[PDB]
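See structure below.
The basis for the numbers below is simple: all heavy atoms, side chains too, and nothing from hydrogens, waters or symmetry mates. Residue indices begin at 1 and follow the sequence shown.
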Amino acid sequence: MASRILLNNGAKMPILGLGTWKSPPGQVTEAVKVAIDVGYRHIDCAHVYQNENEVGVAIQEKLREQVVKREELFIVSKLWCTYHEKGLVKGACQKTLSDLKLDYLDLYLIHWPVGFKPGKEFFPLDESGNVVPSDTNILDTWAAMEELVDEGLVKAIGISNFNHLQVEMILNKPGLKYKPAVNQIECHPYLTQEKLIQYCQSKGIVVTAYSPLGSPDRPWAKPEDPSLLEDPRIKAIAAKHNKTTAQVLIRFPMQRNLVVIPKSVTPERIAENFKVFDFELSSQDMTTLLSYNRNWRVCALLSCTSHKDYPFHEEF
Ligand SMILES: NC(=O)c1ccc[n+]([C@@H]2O[C@H](COP(=O)([O-])OP(=O)(O)OC[C@H]3O[C@@H](n4cnc5c(N)ncnc54)[C@H](OP(=O)(O)O)[C@@H]3O)[C@@H](O)[C@H]2O)c1
Ligand SMILES: O=C(O)Cc1nn(Cc2nc3cc(C(F)(F)F)ccc3s2)c(=O)c2ccccc12
């Protein structure tokens, strides 16, 4: 298992990164410090996570301590939905860079294919609970992303939560300057994404799997919901390898030639989650895990389902 994958810009992206959604600012600095100490070189960030300053503190300290060099780190962030207007994109990227204390990102993603009304709120709702869209479109937002590459703010650009038709829209743009390098999508044994992965990989786009542990800390979880980490079938596969269920869930996407970004703020778990380069899932294991697909999505906000660019009405 090679630890990095080649992107379309010639850069290599570590296949294991640290997720930071729901990592509170009072804990995320320590999490990132520990992650860097134990070998993580990829950090997945976003403005909407409200913790980029604290991620930035940790990176800066480890650079200053001579633990890592900037060129060895792969820092990803994402353009939030309220900044899709062409005139807002650069400032959103620069705010992220300032918070992270960086002079470039390795990868910058369109976080979701939908634009929301610009303003202070991340989730502007009307009086009846519907998200308030903006009149922006995917291609104009992509053009603004391309400018960030041209100006040296970001080394690569990509997309997240795009369906295959939305990806195709960008690929087919007349006068396209940069192809998306990455599509970051939810992916785990209950949402295996076979068709979208096949699509993306056939078009030379690297897929990153988010919520690989099933995001048990997601704020809308219901007790009746399926739980990957507690699935006794996955426990049994883990036991056979003398690994944890999380380690199995992280290794699974790696063997599908995906990048994977498990989140933790717990130091023991951050270290555990990295110890996935010392075993292999068998062909039967892989087949069995894929068989658990239920098309069950843990990230898809009800209030957004009437947006014109809502991604999940399409089959894939
Ligand atoms: N692009 C997007 O739209 C998008 C959407 C969702 C997620 N993401 C990215 O993907 C990352 C990962 O997804 P996620 O945060 O939704 O969830 P996840 O990584 O599937 O699960 C994180 C949860 O699992 C727990 N956990 C971690 N390691 C564990 C272990 N070894 N044993 C038991 N429990 C463990 C964590 O607890 P503790 O932290 O308390 O240890 C946390 O509650 C995010 O943080 C974000 O960076 C991107
Ligand atoms: O965003 C993250 O990284 C994690 C994430 N996910 N979700 C669920 C979402 N579902 C969406 C669906 C659309 C849609 F495109 F479908 F309209 C657009 C935007 C969203 S946010 C959230 O509600 C959220 C809130 C704060 C911080 C991060 C998140």
Side-chain angles (χ1 to χ4, degrees), residues 1-17 42 44 74 76 78-79 106-114 137-139 141-143 145-146 149 154-176 178-202 204-212 249-261 280-283 285-297 299-300 309-314 316:
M1 179 82 60
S3 92
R4 313 199 285 170
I5 191 163
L6 181 64
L7 302 184
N8 71 197
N9 66 342
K12 297 186 188 170
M13 181 172 185
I15 68 173
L16 182 51
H42 169 188
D44 184 77
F74 196 97
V76 183
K78 318 188 191 75
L79 177 77
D106 297 273
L107 178 64
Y108 196 53
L109 305 178
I110 305 182
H111 203 150
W112 295 85
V114 299
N137 59 71
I138 289 163
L139 291 183
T141 305
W142 186 255
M145 298 284 287
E146 289 180 325
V149 183
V154 311
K155 290 185 63 187
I157 51 173
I159 61 199
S160 183
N161 303 293
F162 279 47
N163 74 37
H164 85 286
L165 296 182
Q166 294 172 322
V167 183
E168 176 175 68
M169 276 309 298
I170 294 172
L171 297 185
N172 290 341
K173 185 183 191 292
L176 185 65
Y178 299 94
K179 270 177 75 159
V182 170
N183 191 12
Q184 179 181 127
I185 64 178
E186 186 178 334
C187 184
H188 49 67
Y190 302 156
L191 185 74
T192 52
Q193 297 274 25
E194 303 172 325
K195 287 189 176 170
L196 183 57
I197 289 168
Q198 180 197 296
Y199 174 82
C200 289
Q201 291 186 332
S202 79
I205 299 170
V206 166
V207 174
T208 301
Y210 78 63
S211 306
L249 291 168
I250 295 160
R251 184 74 190 191
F252 172 56
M254 295 166 64
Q255 291 187 209
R256 304 176 71 193
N257 298 309
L258 313 177
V259 176
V260 64
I261 53 169
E280 173 166 74
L281 295 166
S282 70
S283 159
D285 293 335
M286 293 297 291
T287 295
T288 293
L289 289 162
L290 286 159
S291 82
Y292 299 157
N293 182 50
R294 300 269 295 158
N295 304 312
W296 179 66
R297 196 176 287 288
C299 264
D309 298 310
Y310 182 76
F312 306 143
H313 302 315
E314 281 298 328
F316 72 99

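- Scanning both residues, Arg4 and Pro14, for their nearest heavy atoms gives CG-CA, 3.9 Å.
- Using a distance-only test at 3.5 Å, with no hydrogens or angles considered, no donor-acceptor pair links the side chain of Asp44 to the main chain of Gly17.
- Among all heavy-atom pairs drawn from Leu171 and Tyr199, the shortest one is CD1-OH, 3.7 Å.
- Interatomic distance, CD1 of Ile15 versus CD1 of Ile250, reported as 11.5 Å (0.5 Å rounding).
- Note that SG of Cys200 and CD1 of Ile159 are 6.5 Å apart. Values are rounded to the nearest 0.5 Å.
- Between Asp106 and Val76, every side-chain heavy-atom pair lies at or beyond the 4.5 Å cut-off.
- Across all their heavy atoms, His164 and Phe316 have their closest contact at ND1-O, 2.7 Å.
- Rounding to the nearest 0.5 Å places CD1 of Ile157 at 5.5 Å from CE of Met145.
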Which is it for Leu16 and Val260 under the side chain to side chain contact (heavy atoms under 4.5 Å, CB included) test, yes or no, and what are the steps along the way? CA-CA 5 Å; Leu16 182 51; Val260 64; 3.9 Å; yes

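- For the pair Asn9 and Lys155, the minimum side-chain heavy-atom distance is below 4.5 Å.
- A distance of 11.5 Å separates CG of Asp309 from CG of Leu165, quoted to the nearest 0.5 Å.
- Within the 3.5 Å criterion, the main-chain N or O of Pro311 finds a donor-acceptor partner in the side chain of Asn163.
- No donor-acceptor pair closer than 3.5 Å links the side chain of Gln166 to the backbone N or O of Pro113.
- Residues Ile205 and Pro180 come closest through the heavy atom pair CG1-O, 3.6 Å.
- Rounded to the nearest 0.5 Å, atoms CG (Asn137) and CH2 (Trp142) are 14.0 Å apart.
- Judged by distance alone, the side chain of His111 and the main-chain N or O of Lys78 form no donor-acceptor pair under 3.5 Å.
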Working note: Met254 + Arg251, criterion side chain to side chain contact (heavy atoms under 4.5 Å, CB included); need CA distance, chi angles, decisive distance, verdict. CA-CA 5 Å; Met254 295 166 64; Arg251 184 74 190 191; 4.1 Å; yes

As a quick check of understanding, evaluate side chain to side chain contact (heavy atoms under 4.5 Å, CB included) for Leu109 and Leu79, giving each step before the final call. CA-CA 6 Å; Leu109 305 178; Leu79 177 77; over 6 Å; no

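- Proximity of a side-chain donor or acceptor of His42 to a complementary backbone N or O of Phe74 within less than 3.5 Å is not detected.
- Sparse packing is recorded around CE of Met169, with 12 or fewer heavy atoms of other residues, nucleotides or ligands lying under 6.0 Å away.
- The backbone N or O of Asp285 lies less than 3.5 Å from no partner atom in the side chain of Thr288, so there is not a single donor-acceptor pair.
- Looking at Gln255, its side chain does come within 3.5 Å of a backbone N or O of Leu281 through a donor-acceptor pair.
- Put simply, the side chain of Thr208 never gets that close to the backbone of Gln184: no donor and acceptor are under 3.5 Å apart.
- With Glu146 contributing its side chain and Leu176 its backbone, the two residues share no donor-acceptor pair below 3.5 Å.
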Start with the C-alpha distance between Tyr178 and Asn8, add both sets of side-chain angles, then the distance that settles side-chain hydrogen bond (donor to acceptor under 3.5 Å, both in side chains), and finish with yes or no. CA-CA 9 Å; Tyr178 299 94; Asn8 71 197; over 6 Å; no

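- Pairing each heavy atom of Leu191 with each of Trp296, the nearest pair is CB-O, 3.4 Å.
- Taking the side chain as every heavy atom from C-beta outward, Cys187 and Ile197 approach each other to under 4.5 Å.
- Ring geometry, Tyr190 versus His188: the interplanar angle exceeds 60°, so the pair is classed perpendicular (tilted spans 30 to 60°).
- Formation of a donor-acceptor pair under 3.5 Å by the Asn183 side chain with backbone atoms of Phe162 is found in this model.
- Side-chain contact between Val182 and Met13 is present, with at least one heavy-atom pair separated by less than 4.5 Å.
- A cation-pi arrangement is found for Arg256 relative to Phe252, the charged atom lying closer than 6.0 Å to the ring centre and inside a 45° cone about the ring normal.
- Expressed to the nearest 0.5 Å, how far NZ of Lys12 lies from CD1 of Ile5 amounts to 11.5 Å.
- In this structure, the side chains of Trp112 and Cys299 come closer than 4.5 Å at one or more pairs of heavy atoms.
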